[PDB]
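Residues in the first sequence are numbered consecutively from 1, following my numbering.
Backbone N, C-alpha and C fix where the C-beta goes; we use that ideal spot for every residue, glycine too.
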Amino acid sequence: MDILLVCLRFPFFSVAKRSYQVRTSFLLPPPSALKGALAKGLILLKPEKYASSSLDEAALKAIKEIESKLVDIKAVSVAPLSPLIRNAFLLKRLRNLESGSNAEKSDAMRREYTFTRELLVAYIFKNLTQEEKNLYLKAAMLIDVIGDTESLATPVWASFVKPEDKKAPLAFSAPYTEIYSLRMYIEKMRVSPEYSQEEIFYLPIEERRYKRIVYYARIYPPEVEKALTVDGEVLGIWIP
RNA sequence: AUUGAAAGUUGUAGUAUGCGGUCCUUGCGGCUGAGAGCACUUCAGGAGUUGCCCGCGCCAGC
Numbered sequence: 001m002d003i004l005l006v007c008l009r010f011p012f013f014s015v016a017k018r019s020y021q022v023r024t025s026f027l028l029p030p031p032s033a034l035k036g037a038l039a040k041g042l043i044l045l046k047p048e049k050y051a052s053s054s055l056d057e058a059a060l061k062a063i064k065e066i067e068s069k070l071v072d073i074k075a076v077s078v079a080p081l082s083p084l085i086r087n088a089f090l091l092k093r094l095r096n097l098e099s100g101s102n103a104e105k106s107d108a109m110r111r112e113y114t115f116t117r118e119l120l121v122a123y124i125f126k127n128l129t130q131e132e133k134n135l136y137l138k139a140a141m142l143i144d145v146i147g148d149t150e151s152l153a154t155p156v157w158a159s160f161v162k163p164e165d166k167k168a169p170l171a172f173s174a175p176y177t178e179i180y181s182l183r184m185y186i187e188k189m190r191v192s193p194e195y196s197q198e199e200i201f202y203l204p205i206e207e208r209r210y211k212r213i214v215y216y217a218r219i220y221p222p223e224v225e226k227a228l229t230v231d232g233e234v235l236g237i238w239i240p
């Protein structure tokens, strides 16, 4: 079990929830976006068998193959090691997909962007073959964007380091199943990308009344039997 | 190539046009750098010293 661990340094990201007008940005990246991020790496890097006539079909094939080798559909999670905040921008995001308004209609559209310096996201891979493991190491890098195109995310580092069974408080995100079994934040993040399903996840960021903006913090849930280390500091990760 | 795919919150706009920090005003009037004062008093340009000693206006001239 070689678990992928990558760190992304980005100014902002604007993956949002289902809402009209306002697109409320997710507090933490959903697993579907995270898995599509490296499914793009799969389809670009070795398009010999993972590229098809349709971009949607090739992306779906990559998603199916990448999820076949995960321990669970709810596998990937992020780690808010830097604090998170939310800002809003009124842009000229013209709305012309709804019925009417032709093609020359442009109106004020408010989009929410989440700011955090860096995040640590881990993909859980189960006994992947070495020959494809080298390609998957390469695909861990070049995670260019997360969600909206203007969410430029540059992966500073990526590696395959085994958890080696430590005990640490939870830092990476986890589904709202082990958290209940043992400052509460619950969300739905659509585990799988929707193409032409929904699960409940815990969120380990709490409020701090430090300034005018309330911003986000750490919750450190109780001990987990498995843990993963980065540069000598241990953090909690859970796997079914 | 992922709550995804395309998406200027934009185009025109003098914080301007006029306005003496100005007019009158002796740094002026009176005032000895003045009054008393020997650059004086005593002094030989003085003592001694030959303008010396020798010398035919000379011999022949009716």
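Starting from residue 65, follow the alpha helix (DSSP H) in both directions and report where the run begins and ends. 55 to 68
With DSSP collapsed to three states, give me the class of residue 41. Correct three-state label for residue 41: helix.
For residue 57, count neighbouring Cβ atoms within 10 angstroms of its own Cβ and tell me buried if that reaches 16, exposed if not. exposed
Count the other C-beta atoms from every protein chain shown that fall within 10 angstroms of the C-beta of residue 111, then say buried if there are 16 or more, exposed otherwise. buried
Per-residue burial, residue 43 [other beta carbons within 10 Å of its own, 16 or more giving buried]: buried
Distance, residue 183 Cα to residue 154 Cα: 31 Å
Are the beta-carbon atoms of residue 234 and residue 120 separated by less than 8 Å? At a Cβ-Cβ threshold of 8 Å, residue 234 and residue 120 do not count as neighbours.
Neighbour-count burial assignment, residue 55, 16 or more Cβ in a 10 Å radius: exposed
Over the uninterrupted alpha helix (DSSP H) stretch that includes residue 137, give me the two end residues. 130 to 140
Report the three-state DSSP secondary structure of residue 175 (helix, strand or coil). strand
Determine the direct distance from the alpha carbon of residue 226 to that of residue 219, and round the result to whole angstroms. 18 Å
Excluding five sequence neighbours on each side, which residues of the same chain lie with their C-beta closer than 6 Å to the C-beta of residue 117? The residues are 82.
Taking the alpha-carbon positions, what's the residue 171 to residue 156 distance? Taking the straight line joining both Cα atoms gives about 20 Å.
Mind checking whether residue 3 and residue 125 have CB atoms under 8 Å apart? Going by C-beta atoms, residue 3 is nearer than 8 Å to residue 125.
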